[PDB]
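This is upload.pdb. It holds PDB, C-alpha atoms.
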ATOM      1  CA  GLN J   1      10.106   0.809 -14.239  1.00  0.00           C
ATOM      2  CA  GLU J   2      12.183   0.079 -11.116  1.00  0.00           C
ATOM      3  CA  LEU J   3       9.600   1.885  -8.959  1.00  0.00           C
ATOM      4  CA  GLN J   4       7.076  -0.933  -9.349  1.00  0.00           C
ATOM      5  CA  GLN J   5       9.657  -3.523  -8.288  1.00  0.00           C
ATOM      6  CA  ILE J   6      10.523  -1.475  -5.201  1.00  0.00           C
ATOM      7  CA  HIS J   7       6.830  -0.997  -4.383  1.00  0.00           C
ATOM      8  CA  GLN J   8       6.123  -4.723  -4.688  1.00  0.00           C
ATOM      9  CA  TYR J   9       9.123  -5.540  -2.494  1.00  0.00           C
ATOM     10  CA  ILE J  10       7.938  -3.105   0.186  1.00  0.00           C
ATOM     11  CA  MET J  11       4.345  -4.361   0.076  1.00  0.00           C
ATOM     12  CA  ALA J  12       5.296  -8.042   0.297  1.00  0.00           C
ATOM     13  CA  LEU J  13       7.300  -7.547   3.499  1.00  0.00           C
ATOM     14  CA  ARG J  14       4.107  -6.553   5.333  1.00  0.00           C
ATOM     15  CA  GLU J  15       2.959 -10.191   5.187  1.00  0.00           C
ATOM     16  CA  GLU J  16       6.117 -12.245   4.581  1.00  0.00           C
ATOM     17  CA  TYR J  17       7.430 -11.878   8.146  1.00  0.00           C
ATOM     18  CA  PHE J  18       4.374 -10.429   9.935  1.00  0.00           C
ATOM     19  CA  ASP J  19       0.770 -11.479  10.549  1.00  0.00           C
ATOM     20  CA  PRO J  20      -1.270  -8.256  10.730  1.00  0.00           C
ATOM     21  CA  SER J  21      -4.415  -8.356  12.843  1.00  0.00           C
ATOM     22  CA  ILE J  22      -6.708  -8.030   9.803  1.00  0.00           C
ATOM     23  CA  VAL J  23      -5.734  -8.382   6.147  1.00  0.00           C
ATOM     24  CA  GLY J  24      -8.246  -5.790   4.943  1.00  0.00           C
ATOM     25  CA  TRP J  25      -6.397  -3.040   6.812  1.00  0.00           C
ATOM     26  CA  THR J  26      -3.244  -3.718   4.762  1.00  0.00           C
ATOM     27  CA  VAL J  27      -4.869  -3.229   1.348  1.00  0.00           C
ATOM     28  CA  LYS J  28      -5.776   0.398   2.103  1.00  0.00           C
ATOM     29  CA  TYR J  29      -2.120   1.055   2.918  1.00  0.00           C
ATOM     30  CA  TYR J  30      -1.162  -0.712  -0.312  1.00  0.00           C
ATOM     31  CA  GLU J  31      -3.563   1.532  -2.237  1.00  0.00           C
ATOM     32  CA  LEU J  32      -2.043   4.669  -0.704  1.00  0.00           C
ATOM     33  CA  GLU J  33       1.424   3.351  -1.559  1.00  0.00           C
ATOM     34  CA  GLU J  34       0.210   2.821  -5.125  1.00  0.00           C
ATOM     35  CA  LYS J  35      -1.054   6.412  -5.184  1.00  0.00           C
ATOM     36  CA  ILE J  36       2.376   7.715  -4.197  1.00  0.00           C
ATOM     37  CA  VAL J  37       4.199   5.370  -6.591  1.00  0.00           C
ATOM     38  CA  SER J  38       1.926   6.542  -9.404  1.00  0.00           C
ATOM     39  CA  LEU J  39       2.823  10.135  -8.530  1.00  0.00           C
ATOM     40  CA  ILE J  40       6.563   9.411  -8.671  1.00  0.00           C
ATOM     41  CA  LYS J  41       6.273   7.419 -11.904  1.00  0.00           C
ATOM     42  CA  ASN J  42       4.188  10.212 -13.437  1.00  0.00           C
ATOM     43  CA  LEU J  43       6.947  12.702 -12.646  1.00  0.00           C
ATOM     44  CA  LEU J  44       9.553  10.355 -14.131  1.00  0.00           C
ATOM     45  CA  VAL J  45       7.518   9.904 -17.318  1.00  0.00           C
ATOM     46  CA  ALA J  46       6.917  13.652 -17.607  1.00  0.00           C
ATOM     47  CA  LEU J  47      10.665  14.323 -17.500  1.00  0.00           C
ATOM     48  CA  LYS J  48      11.210  12.592 -20.855  1.00  0.00           C
TER
END
I'd like the structure from this file rewritten - as C-alpha cells, please.
Amino acid sequence: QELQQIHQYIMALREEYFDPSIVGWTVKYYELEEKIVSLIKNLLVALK
C-alpha cells in the first residue's frame, strides 16, 4: 500500500514547485511511473 503514497508524492512534486512547458508531456511520464509502480506492487502481492 505505501507504494501508491510514494508514487503520488513523487508525481505531485512535478507541478507543485515547477511549471512544465506543457502539461500533456507530464501525464505520459506519470503513466510510465504507474507502470513501474504496478510492477513493484505486483511483486509485493506475489510474495504473500
Box dimensions and centre (Å, one decimal) enclosing region 7-12 of chain J, axis-aligned, 4 Å extra per side, as JSON:
{"center_x": 6.7, "center_y": -4.5, "center_z": -2.2, "size_x": 12.8, "size_y": 15.0, "size_z": 13.0}
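The interatomic distance for the pair CA of residue 43 (chain J) and CA of residue 4 (chain J) works out to 14.0 Å.
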Can you list, as a list in words, the residues that the PyMOL selection byres ((chain J and resi 7-20) around 9) selects here?
residues 2, 3, 4, 5, 6, 21, 22, 23, 25, 26, 29, 30, 33, 34 and 37 of chain J
